[PDB]
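J.: Contents are compact mmCIF, N, CA and C atoms; file name structure10.txt:
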```
# COMPACT_ATOMS: atom_id res chain seq x y z
N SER A 3 -2.96 31.81 -33.40
CA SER A 3 -2.08 32.34 -32.37
C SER A 3 -2.71 32.20 -30.99
N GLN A 4 -3.02 33.34 -30.36
CA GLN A 4 -3.64 33.31 -29.05
C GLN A 4 -5.03 32.69 -29.10
N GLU A 5 -5.80 32.98 -30.16
CA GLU A 5 -7.13 32.41 -30.29
C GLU A 5 -7.07 30.89 -30.42
N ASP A 6 -6.12 30.39 -31.21
CA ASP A 6 -5.97 28.94 -31.36
C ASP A 6 -5.59 28.28 -30.04
N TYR A 7 -4.67 28.90 -29.30
CA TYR A 7 -4.28 28.35 -28.00
C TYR A 7 -5.45 28.34 -27.03
N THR A 8 -6.24 29.42 -27.01
CA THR A 8 -7.40 29.46 -26.13
C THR A 8 -8.42 28.40 -26.52
N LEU A 9 -8.64 28.21 -27.82
CA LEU A 9 -9.57 27.18 -28.27
C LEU A 9 -9.08 25.79 -27.87
N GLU A 10 -7.78 25.53 -28.02
CA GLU A 10 -7.24 24.23 -27.63
C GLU A 10 -7.37 24.01 -26.13
N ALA A 11 -7.10 25.04 -25.33
CA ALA A 11 -7.23 24.90 -23.88
C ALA A 11 -8.68 24.64 -23.48
N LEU A 12 -9.62 25.36 -24.09
CA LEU A 12 -11.03 25.14 -23.78
C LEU A 12 -11.46 23.73 -24.18
N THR A 13 -11.02 23.27 -25.35
CA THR A 13 -11.34 21.92 -25.79
C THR A 13 -10.76 20.88 -24.83
N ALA A 14 -9.53 21.10 -24.37
CA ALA A 14 -8.92 20.17 -23.42
C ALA A 14 -9.69 20.13 -22.11
N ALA A 15 -10.11 21.29 -21.60
CA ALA A 15 -10.87 21.31 -20.35
C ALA A 15 -12.22 20.62 -20.51
N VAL A 16 -12.92 20.89 -21.62
CA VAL A 16 -14.21 20.26 -21.85
C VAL A 16 -14.04 18.75 -21.99
N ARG A 17 -12.99 18.32 -22.70
CA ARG A 17 -12.73 16.89 -22.85
C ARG A 17 -12.41 16.23 -21.52
N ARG A 18 -11.67 16.92 -20.65
CA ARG A 18 -11.40 16.39 -19.32
C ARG A 18 -12.70 16.21 -18.54
N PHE A 19 -13.57 17.21 -18.59
CA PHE A 19 -14.84 17.10 -17.88
C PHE A 19 -15.69 15.96 -18.42
N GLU A 20 -15.75 15.82 -19.75
CA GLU A 20 -16.53 14.74 -20.35
C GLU A 20 -15.94 13.37 -20.02
N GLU A 21 -14.61 13.25 -20.01
CA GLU A 21 -13.99 11.99 -19.62
C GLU A 21 -14.35 11.64 -18.18
N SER A 22 -14.29 12.62 -17.28
CA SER A 22 -14.65 12.37 -15.89
C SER A 22 -16.11 11.96 -15.77
N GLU A 23 -16.99 12.61 -16.54
CA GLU A 23 -18.42 12.32 -16.43
C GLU A 23 -18.75 10.93 -16.97
N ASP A 24 -18.21 10.58 -18.14
CA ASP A 24 -18.54 9.30 -18.76
C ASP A 24 -17.84 8.12 -18.11
N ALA A 25 -16.60 8.30 -17.65
CA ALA A 25 -15.85 7.18 -17.10
C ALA A 25 -16.41 6.68 -15.77
N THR A 26 -17.23 7.49 -15.09
CA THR A 26 -17.79 7.12 -13.80
C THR A 26 -19.31 7.10 -13.83
N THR A 27 -19.90 6.72 -14.97
CA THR A 27 -21.35 6.71 -15.08
C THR A 27 -21.97 5.63 -14.20
N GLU A 28 -21.43 4.40 -14.27
CA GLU A 28 -21.98 3.31 -13.48
C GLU A 28 -21.77 3.54 -11.99
N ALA A 29 -20.60 4.04 -11.60
CA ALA A 29 -20.34 4.34 -10.20
C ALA A 29 -21.28 5.42 -9.69
N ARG A 30 -21.50 6.47 -10.49
CA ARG A 30 -22.43 7.52 -10.09
C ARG A 30 -23.85 6.98 -9.95
N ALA A 31 -24.27 6.11 -10.88
CA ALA A 31 -25.60 5.52 -10.78
C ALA A 31 -25.74 4.68 -9.52
N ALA A 32 -24.71 3.88 -9.20
CA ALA A 32 -24.76 3.06 -8.00
C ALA A 32 -24.80 3.93 -6.74
N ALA A 33 -24.02 5.00 -6.71
CA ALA A 33 -24.03 5.89 -5.55
C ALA A 33 -25.38 6.58 -5.40
N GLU A 34 -25.98 7.00 -6.52
CA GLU A 34 -27.31 7.60 -6.45
C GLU A 34 -28.35 6.60 -5.97
N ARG A 35 -28.23 5.34 -6.41
CA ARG A 35 -29.14 4.30 -5.92
C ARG A 35 -28.98 4.10 -4.42
N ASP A 36 -27.73 4.09 -3.93
CA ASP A 36 -27.50 3.95 -2.49
C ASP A 36 -28.10 5.13 -1.72
N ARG A 37 -27.93 6.34 -2.24
CA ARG A 37 -28.51 7.51 -1.60
C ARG A 37 -30.03 7.43 -1.57
N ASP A 38 -30.63 6.98 -2.67
CA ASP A 38 -32.08 6.83 -2.71
C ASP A 38 -32.55 5.78 -1.71
N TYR A 39 -31.82 4.67 -1.59
CA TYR A 39 -32.17 3.65 -0.62
C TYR A 39 -32.09 4.19 0.80
N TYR A 40 -31.05 4.98 1.09
CA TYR A 40 -30.98 5.65 2.38
C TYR A 40 -32.10 6.67 2.56
N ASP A 41 -32.64 7.19 1.47
CA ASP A 41 -33.64 8.25 1.50
C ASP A 41 -35.06 7.73 1.30
N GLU A 42 -35.35 6.52 1.78
CA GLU A 42 -36.66 5.88 1.77
C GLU A 42 -37.14 5.47 0.38
N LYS A 43 -36.38 5.76 -0.67
CA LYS A 43 -36.76 5.38 -2.03
C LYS A 43 -36.11 4.05 -2.36
N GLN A 44 -36.82 2.96 -2.07
CA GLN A 44 -36.28 1.62 -2.24
C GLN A 44 -37.07 0.78 -3.23
N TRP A 45 -38.13 1.31 -3.83
CA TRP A 45 -38.95 0.58 -4.78
C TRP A 45 -38.84 1.23 -6.15
N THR A 46 -38.62 0.41 -7.17
CA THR A 46 -38.58 0.90 -8.54
C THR A 46 -39.99 1.20 -9.04
N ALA A 47 -40.06 1.95 -10.14
CA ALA A 47 -41.36 2.32 -10.69
C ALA A 47 -42.13 1.10 -11.17
N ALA A 48 -41.44 0.16 -11.83
CA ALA A 48 -42.12 -1.02 -12.35
C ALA A 48 -42.68 -1.88 -11.23
N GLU A 49 -41.88 -2.14 -10.20
CA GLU A 49 -42.35 -2.96 -9.08
C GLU A 49 -43.47 -2.27 -8.32
N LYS A 50 -43.37 -0.95 -8.14
CA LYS A 50 -44.43 -0.21 -7.46
C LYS A 50 -45.73 -0.28 -8.26
N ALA A 51 -45.64 -0.12 -9.58
CA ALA A 51 -46.84 -0.22 -10.42
C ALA A 51 -47.43 -1.62 -10.37
N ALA A 52 -46.57 -2.65 -10.39
CA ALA A 52 -47.07 -4.02 -10.32
C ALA A 52 -47.77 -4.28 -8.99
N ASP B 208 -2.58 -3.47 -17.23
CA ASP B 208 -3.13 -2.52 -18.18
C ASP B 208 -3.66 -1.28 -17.45
N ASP B 209 -4.02 -0.27 -18.23
CA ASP B 209 -4.48 0.99 -17.66
C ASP B 209 -5.88 0.85 -17.08
N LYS B 210 -6.20 1.70 -16.10
CA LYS B 210 -7.56 1.70 -15.50
C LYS B 210 -8.06 3.14 -15.44
N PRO B 211 -9.27 3.45 -15.96
CA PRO B 211 -10.17 2.45 -16.53
C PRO B 211 -10.23 2.48 -18.06
N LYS B 212 -11.07 1.63 -18.66
CA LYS B 212 -11.24 1.65 -20.11
C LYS B 212 -12.23 2.72 -20.56
N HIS B 213 -11.71 3.86 -21.00
CA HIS B 213 -12.53 4.95 -21.51
C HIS B 213 -12.27 5.12 -23.00
N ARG B 214 -13.33 5.41 -23.75
CA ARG B 214 -13.22 5.53 -25.19
C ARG B 214 -12.33 6.71 -25.57
N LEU B 215 -11.49 6.50 -26.58
CA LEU B 215 -10.60 7.55 -27.05
C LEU B 215 -11.35 8.56 -27.90
N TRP B 216 -10.97 9.83 -27.76
CA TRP B 216 -11.56 10.91 -28.53
C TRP B 216 -10.52 11.50 -29.48
N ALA B 217 -10.94 11.76 -30.72
CA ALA B 217 -10.02 12.30 -31.72
C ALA B 217 -9.51 13.68 -31.32
N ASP B 218 -10.39 14.52 -30.78
CA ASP B 218 -10.02 15.87 -30.38
C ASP B 218 -9.27 15.91 -29.05
N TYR B 219 -9.17 14.79 -28.35
CA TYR B 219 -8.49 14.73 -27.06
C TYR B 219 -7.01 14.44 -27.26
N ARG B 220 -6.16 15.29 -26.69
CA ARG B 220 -4.72 15.15 -26.82
C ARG B 220 -4.08 14.40 -25.66
N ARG B 221 -4.87 13.92 -24.70
CA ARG B 221 -4.33 13.20 -23.56
C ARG B 221 -3.97 11.78 -23.97
N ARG B 222 -2.70 11.42 -23.80
CA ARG B 222 -2.20 10.09 -24.15
C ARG B 222 -1.55 9.46 -22.92
N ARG B 223 -1.79 8.17 -22.74
CA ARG B 223 -1.26 7.42 -21.61
C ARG B 223 -0.14 6.51 -22.08
N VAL B 224 0.96 6.50 -21.32
CA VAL B 224 2.13 5.68 -21.62
C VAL B 224 2.45 4.83 -20.40
N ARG B 225 3.15 3.73 -20.64
CA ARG B 225 3.52 2.78 -19.60
C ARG B 225 5.04 2.65 -19.55
N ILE B 226 5.60 2.85 -18.36
CA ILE B 226 7.04 2.72 -18.13
C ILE B 226 7.25 1.55 -17.18
N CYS B 227 8.43 0.94 -17.26
CA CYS B 227 8.80 -0.14 -16.35
C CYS B 227 10.12 0.23 -15.68
N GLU B 228 10.11 0.27 -14.35
CA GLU B 228 11.30 0.56 -13.55
C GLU B 228 11.69 -0.74 -12.85
N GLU B 229 12.81 -1.33 -13.26
CA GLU B 229 13.21 -2.65 -12.80
C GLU B 229 14.56 -2.58 -12.11
N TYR B 230 14.65 -3.16 -10.91
CA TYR B 230 15.90 -3.35 -10.21
C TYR B 230 16.23 -4.84 -10.22
N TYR B 231 17.40 -5.19 -10.75
CA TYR B 231 17.80 -6.58 -10.88
C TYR B 231 19.21 -6.77 -10.34
N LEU B 232 19.44 -7.91 -9.70
CA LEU B 232 20.73 -8.22 -9.09
C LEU B 232 21.63 -8.84 -10.15
N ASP B 233 22.57 -8.06 -10.66
CA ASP B 233 23.53 -8.55 -11.64
C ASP B 233 24.65 -9.30 -10.93
N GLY B 234 25.59 -9.84 -11.71
CA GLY B 234 26.71 -10.55 -11.13
C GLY B 234 27.62 -9.70 -10.27
N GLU B 235 27.65 -8.39 -10.51
CA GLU B 235 28.46 -7.47 -9.73
C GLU B 235 27.67 -6.74 -8.65
N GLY B 236 26.39 -6.51 -8.86
CA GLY B 236 25.58 -5.80 -7.89
C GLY B 236 24.21 -5.49 -8.45
N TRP B 237 23.49 -4.64 -7.72
CA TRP B 237 22.15 -4.24 -8.13
C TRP B 237 22.22 -3.18 -9.22
N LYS B 238 21.40 -3.35 -10.25
CA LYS B 238 21.31 -2.42 -11.36
C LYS B 238 19.87 -1.99 -11.54
N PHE B 239 19.70 -0.75 -12.00
CA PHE B 239 18.39 -0.11 -12.11
C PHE B 239 18.17 0.35 -13.54
N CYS B 240 17.01 0.01 -14.10
CA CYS B 240 16.68 0.37 -15.47
C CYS B 240 15.28 0.96 -15.53
N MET B 241 15.09 1.90 -16.46
CA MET B 241 13.81 2.52 -16.74
C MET B 241 13.57 2.40 -18.23
N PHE B 242 12.61 1.57 -18.63
CA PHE B 242 12.47 1.23 -20.04
C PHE B 242 11.00 1.16 -20.42
N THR B 243 10.77 0.87 -21.70
CA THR B 243 9.45 0.66 -22.27
C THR B 243 9.54 -0.53 -23.21
N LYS B 244 8.48 -0.75 -23.99
CA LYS B 244 8.52 -1.76 -25.04
C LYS B 244 9.21 -1.28 -26.30
N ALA B 245 9.55 0.01 -26.38
CA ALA B 245 10.18 0.59 -27.56
C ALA B 245 11.67 0.87 -27.36
N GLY B 246 12.07 1.37 -26.20
CA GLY B 246 13.47 1.67 -25.97
C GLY B 246 13.69 2.09 -24.53
N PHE B 247 14.96 2.24 -24.19
CA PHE B 247 15.34 2.61 -22.83
C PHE B 247 15.06 4.09 -22.57
N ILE B 248 14.66 4.39 -21.34
CA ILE B 248 14.57 5.76 -20.85
C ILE B 248 15.79 6.13 -20.02
N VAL B 249 16.10 5.32 -19.03
CA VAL B 249 17.34 5.41 -18.26
C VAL B 249 18.16 4.16 -18.56
N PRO B 250 19.37 4.30 -19.11
CA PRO B 250 20.13 3.10 -19.49
C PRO B 250 20.56 2.33 -18.25
N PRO B 251 20.79 1.02 -18.38
CA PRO B 251 21.20 0.21 -17.22
C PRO B 251 22.42 0.78 -16.50
N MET B 252 22.22 1.18 -15.25
CA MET B 252 23.26 1.76 -14.42
C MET B 252 23.12 1.19 -13.02
N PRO B 253 24.19 1.23 -12.22
CA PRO B 253 24.09 0.79 -10.83
C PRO B 253 23.04 1.60 -10.08
N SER B 254 22.38 0.94 -9.14
CA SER B 254 21.27 1.56 -8.42
C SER B 254 21.75 2.79 -7.67
N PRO B 255 21.09 3.94 -7.82
CA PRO B 255 21.54 5.16 -7.14
C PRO B 255 21.24 5.19 -5.65
N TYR B 256 20.54 4.19 -5.12
CA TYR B 256 20.17 4.14 -3.72
C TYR B 256 21.18 3.29 -2.95
N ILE B 257 21.67 3.82 -1.84
CA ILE B 257 22.70 3.16 -1.04
C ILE B 257 22.03 2.33 0.04
N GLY B 258 22.46 1.08 0.17
CA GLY B 258 21.90 0.16 1.14
C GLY B 258 22.54 0.29 2.51
N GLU B 259 22.32 -0.74 3.33
CA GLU B 259 22.85 -0.74 4.69
C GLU B 259 24.37 -0.73 4.70
```
In structure tokens, write the structure found in this file.
T.:
Amino acid sequence: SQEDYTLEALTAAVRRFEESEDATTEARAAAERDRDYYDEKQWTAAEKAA
Amino acid sequence: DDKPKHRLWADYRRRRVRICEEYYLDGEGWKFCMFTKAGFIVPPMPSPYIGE
């Protein structure tokens, strides 16, 4: 009844959040890389170690 | 096709559908249809929008 409806609503909200998080993983990574480049972090760990 | 390609989840009830709204010039005048690949949504009727 009410418990089932609440569980379904919570599952729908969590699924919406997970869809938003996973569907934009590459875009988020690219934006974070751009922010790091703007923030003086322009060298990767491997290249810096080399 | 839909954008973007996200993996389907069994517990997810969100479903995406595609509709086609077509205006075509028939022998008598403009007609407007709303359909899918399965069946009509709005049957072929004269366009409800009035021109010049």
J.: Would you kindly return, as a ChimeraX atom specification, each protein, DNA or RNA residue with an atom no farther than 8 Å from any atom of residue B:244, considering only N, CA and C atoms and excluding same-chain residues fewer than 4 positions away?
T.: /B:225-227
J.: Go through chain B residue by residue and, counting all atoms listed in the file, keep those with an atom at most 8 Å from chain A; for each kept residue give the shortest atom pair and its distance in Å to one decimal, ordered by chain and increasing number, as CSV.
T.:
```
residue,atom,partner,partner_atom,distance
B:211,C,A:25,CA,7.4
B:212,C,A:25,CA,6.7
B:213,CA,A:25,CA,6.0
B:214,N,A:25,CA,7.3
B:218,C,A:13,C,6.7
B:219,CA,A:17,CA,6.4
B:220,N,A:14,CA,6.5
B:221,N,A:14,CA,7.6
```
J.: Can you measure atom CA of residue A:33 to atom CA of residue B:209 for me? One decimal in Å is fine.
T.: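 These atoms are spaced 23.5 Å apart.
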J.: Output as a ChimeraX atom specification all residues of chain A that backbone DSSP marks as alpha helix (DSSP H).
T.: /A:4-25,27-40,47-51
J.: How many Å separate atom CA of residue B:215 from atom CA of residue B:229?
T.: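 Between these atoms lies a distance of 29.6 Å.
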J.: To one decimal place, how far is atom C of residue B:228 from atom CA of residue B:259 in Å?
T.: 20.8 Å
J.: Neighbours of stretch 233-237 of chain B within 7 Å (only N, CA and C atoms; same-chain residues fewer than 4 positions away dropped), as a ChimeraX atom specification?
T.: /B:252-254
J.: First collect every listed atom of stretch 237-242 of chain B; then fit an axis-aligned box around them, widen it by 8 Å on each side, and give centre and edge lengths in Å to one decimal, as lines of an AutoDock Vina configuration file.
T.:
```
center_x = 17.2
center_y = -1.1
center_z = -14.1
size_x = 28.5
size_y = 23.2
size_z = 28.7
```
